[PDB]
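See structure below.
Neighbour counts run over all protein chains shown; Cβ positions are idealised from the backbone, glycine included. Each reported figure results from applying straightforward, stated rules to the coordinates on display, with no laboratory input.
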Amino acid sequence: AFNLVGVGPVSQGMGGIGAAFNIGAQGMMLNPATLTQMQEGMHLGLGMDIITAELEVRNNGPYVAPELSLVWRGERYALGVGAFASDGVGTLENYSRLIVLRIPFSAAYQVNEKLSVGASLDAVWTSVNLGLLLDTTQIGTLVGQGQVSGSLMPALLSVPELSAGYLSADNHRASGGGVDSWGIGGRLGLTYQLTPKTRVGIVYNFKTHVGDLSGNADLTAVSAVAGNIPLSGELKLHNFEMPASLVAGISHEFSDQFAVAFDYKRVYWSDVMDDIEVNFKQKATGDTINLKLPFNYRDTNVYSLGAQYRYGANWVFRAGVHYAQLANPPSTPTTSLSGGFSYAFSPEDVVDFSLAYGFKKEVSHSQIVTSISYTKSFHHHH
């Protein structure tokens, strides 16, 4: 949903690991089986991700993604709920901002001293702001390929000197602009302590069925002669299905003071079919314009490697490497380096902090994700 630099400052500080490593309450969103690693009691977590991006040769500004968690740990069970947000933008510009708020309902169980199982069911709210410029040639290539339809086509081609159509659907540029939808996702994982120092973990993340995103949009016809004629109406996006993913990984704790974790993850873009329809209906007339953009993606592999050193009773230090690349059934991979630390102000109060620098690819893409969280733990153990 994000970009697996991980979930929370402990995972992100270690390059994205978490299939077998106790990343805290964020395990709800990675491998919920790891929640059995948390101490008994009640855990409240507050944090956010602060993403600033830069692109050499679309807002760079600080994106803020908050995370809330409540986890109960007693005996063999863990129960959790939270709210995990992601924010970011892709690319009269062509752009898409995607907001995903995932609200897990999570549980985990120690089957025995070696085997832990866990699952989450997400309620998922997806929101997209977008702008899409289509010139006269592109409309043509797409009208002859049977990809544009709707009674708005002939009236638009008859705009004098028509140069481009602009689909705008943005909360920030017009009130109620954008589209949104509630949906459902989830994950099912386990951990296995096969060796006293080596734990292995596996989690399958389900395909998120987001369902039809609806809302408001403007379609502006651009003409040097006739001005920019905006038409207002309803917009519907059709077939989204965030892809399933499989994460397998291992944690090795040479001592309580020093651990290393490594994870491998396959994201299954190829099994998301592509019927991605875009329909706009003009609110005065009921005249519509229909549009397909079936864009296929290939599977992605991600490798995550990090380490953690407990220094004294209050300080923990982390570092990690992250490598994402298209999959085996020619592309530049994305690499990221990370570091982080934790401070415990008390047995009940811990601050975690994370910094990750990523790079992709004539295009250069630089991205810094700052991650900070606070956990307040009230213990119980009877």
Checklist entry - Of the listed peptides 113-121, 286-294, what is their order by residue-averaged count of other C-beta atoms within 10 Å, with the highest listed first? => result 113-121, 286-294
Checklist entry - Mind checking the dipole of segment 57-213: about its Cα centre, +1 per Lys or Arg Cβ, -1 per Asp or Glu Cβ, Debye to the nearest 20? => result 820 debye
Next on the checklist: Given the options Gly131, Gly144, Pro9, identify the residue whose Cα lies farthest towards the positive end of the charge dipole of the chain (+1 on Cβ of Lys, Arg; -1 on Cβ of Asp, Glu).
Outcome noted: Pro9
Item to check | Cα-projected label distance for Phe258 with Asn296, points at 7 Å along beta-carbon direction, nm | outcome: 4.9 nm
Checklist outcome for this item: Between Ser331 and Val143, the FRET efficiency computed from the C-beta separation at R0 = 41 Å comes out, to the nearest 0.05, as 0.85
Checklist entry - Under a point-charge model restricted to the Cβ atoms of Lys and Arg (+1) and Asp and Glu (-1), what is the dipole moment magnitude of the chain relative to its Cα centre, in debye to the nearest 20? => result 700 debye
Checklist entry - Can you list the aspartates and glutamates whose alpha carbon sits under 17 Å from that of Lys114, skipping same-chain ones fewer than 8 residues off? => result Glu75, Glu253
Checklist entry - When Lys and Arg each count +1 and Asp and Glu each count -1, what net charge do the other residues less than 14 Å away from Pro347, Cβ to Cβ, add up to? => result -2
Next on the checklist: What's the ranking of 142-152, 73-83 by average number of surrounding C-beta atoms within 10 Å, highest first?
Outcome noted: 73-83, 142-152
Checklist outcome for this item: Charge dipole of the chain built from unit charges on the beta carbon (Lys, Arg +1; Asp, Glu -1), centred at mean Cα; most positive-end Cα among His380, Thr198, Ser223 is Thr198
Checklist entry - Rounded to the nearest 500, what is the chain's calculated 222 nm mean residue ellipticity when only DSSP H runs of at least 4 contribute -39500 (n - 2.57) each, over all residues? => result -1500 deg cm²/dmol
Next on the checklist: Given points 7 Å out from each Cα along the Cα-Cβ axis, report the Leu246 to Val351 separation in nanometres with one decimal.
Outcome noted: 4.2 nm
Checklist entry - Arranged by the count of other C-beta atoms within 10 angstrom, fewest first, what order do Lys360, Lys283 take? => result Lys283, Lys360
Item to check | Residue order, fewest to most beta carbons within 10 Å, for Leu4, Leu355 | outcome: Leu355, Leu4
Checklist entry - Got a sec? Charge dipole of segment 9-379, +1 on Cβ for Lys and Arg, -1 for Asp and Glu; which of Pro294, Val247, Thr332 is way out at the positive end? => result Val247
Checklist entry - Where does each of 12-19, 29-36, 335-342 land if you order them by average Cβ count within 10 Å, highest first? => result 12-19, 29-36, 335-342
Checklist entry - Roughly speaking, what is the stretch gain from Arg310 to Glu234, that is 0.36 nm per residue apart minus the C-alpha to C-alpha distance, in nm to one decimal? => result 21.9 nm
Checklist entry - For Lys283, what charge total do you get from the other residues with a beta carbon under 14 Å from its beta carbon, if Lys and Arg give +1 and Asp and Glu give -1? => result -1
Checklist outcome for this item: Summed over the other residues with a beta carbon less than 14 angstrom from that of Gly45, with K and R at +1 and D and E at -1, the charge totals -3
Item to check | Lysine-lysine proximity count for segment 233-382, Cα under 25 Å, sequence distance 8 or more or distinct chains | outcome: 7
